[PDB]
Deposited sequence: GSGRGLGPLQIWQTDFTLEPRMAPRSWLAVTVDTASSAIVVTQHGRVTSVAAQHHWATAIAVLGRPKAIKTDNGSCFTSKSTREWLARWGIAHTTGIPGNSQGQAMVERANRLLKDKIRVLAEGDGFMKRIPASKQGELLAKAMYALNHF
């Protein structure tokens, strides 16, 4: 598999409002996780989630953000045997995810921040809606 990964902000999911999103380019499958800060660790724990869900890819493509080009991330991706190169599919995935998140939250009456106790199920439901799990 060849994946594309990027981070995007979703303030309805605050305080853990940074979403890491990966898309598999051949299948269009999408995995998202939420994070309180954009760090190398956050990217690594997101990829371990995506691997657990979809299988281990041959290569991941990203932009040049510092979470993705750090010595830490470069070391992790070599340890896992995944090649790394430094858009349209991930951007499409972001918009579809944000839309689902907005309509589900506003439907439950949450017009601003979603309470932390409701976030885990609401993000899973948004993700499952865009997939064939």
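No C-alpha coordinates means not modelled. Give me those stretches of the deposited sequence in order.
Unobserved in coordinates, per deposited numbering: 1-9, 96-103.
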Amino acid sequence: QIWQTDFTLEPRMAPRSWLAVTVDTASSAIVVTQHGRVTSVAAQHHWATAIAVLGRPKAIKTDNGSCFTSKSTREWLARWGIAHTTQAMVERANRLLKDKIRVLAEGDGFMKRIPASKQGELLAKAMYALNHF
From here on, numbers count along this sequence of modelled residues.
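According to the deposited model, is the average Cα temperature factor higher in 110-118 or in 10-18?
-> Mean B over CA atoms: larger for 110-118.
Practice task
Look over 48-56 and 63-71 in the entry and identify the one with the greater average Cα temperature factor.
Solution key: So the stretch with the higher mean C-alpha B-factor is 63-71.
Could you say which of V31, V41, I101, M89 has its CA atom at the highest B factor, as listed in the PDB entry?
The C-alpha B-factor peaks, among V31, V41, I101, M89, at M89.
Would you check the entry's CA temperature factor for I82 and let me know if it's in the chain's lowest, middle or highest third? CA B-factor rank for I82: middle third.
Compare the C-alpha B factor of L96 with those of the other modelled residues in its chain, then answer lowest, middle or highest third.
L96: CA B-factor falls in the middle third of its chain.
Legend entry - Chain-wide C-alpha B factor ranking for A126, given as lowest, middle or highest third: Lowest third - that is where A126 ends up once the chain's C-alpha B-factors are sorted.
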